[PDB]
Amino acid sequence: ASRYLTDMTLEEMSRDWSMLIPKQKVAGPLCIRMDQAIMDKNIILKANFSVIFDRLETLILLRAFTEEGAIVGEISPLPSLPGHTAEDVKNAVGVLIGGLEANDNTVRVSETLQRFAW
């Protein structure tokens, strides 16, 4: 039975959001979205992962938040894909980070993601 470990509240995970200037691009088996309008902000990446034998398994959802809690980025798995690897996830995360930093934002990652990296 798969459980889930998440950095986010129910509301943070279910909130609808839209991008002022949309960008949506596939990175491997994952969909990355980011608001290209966002600049000079401190941004935090938060994730929900399935958990299997006390081990972080697959990425269910990642969202990027400004300090005011505005969603400015997202990583979702492609629904039609059988699955993804850890490397796939880390690749997608790096792509999002690069995109946000290309717009002069400082990006940090949650405790959960910092562990997933290794």
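Note that residue numbering follows the sequence shown and begins at 1.
Colleague: Report the stretch with the higher mean CA temperature factor, choosing between 38-46 and 51-59 on the basis of the entry.
Modeller: Result of the comparison: 51-59.
Colleague: At the C-alpha atoms, which of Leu20, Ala102, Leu96, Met13 reaches the highest B-factor in this entry?
Modeller: The listed residue with the largest C-alpha B-factor is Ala102.
Colleague: In terms of recorded Cα temperature factor, pick the maximum from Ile32, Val89, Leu81, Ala64.
Modeller: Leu81 has the highest C-alpha B-factor of those listed.
Colleague: Quick one: classify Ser2 as lowest, middle or highest third of the chain based on its Cα B-factor.
Modeller: Its C-alpha B-factor belongs to the highest third of this chain's values.
Colleague: Taking the chain's C-alpha temperature factors as the reference, tell me which third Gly73 falls into: lowest, middle or highest.
Modeller: Tercile = lowest for this residue's CA B-factor.
Colleague: Lowest, middle or highest third: where is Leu113 by Cα B-factor in its chain?
Modeller: CA B-factor rank for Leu113: middle third.
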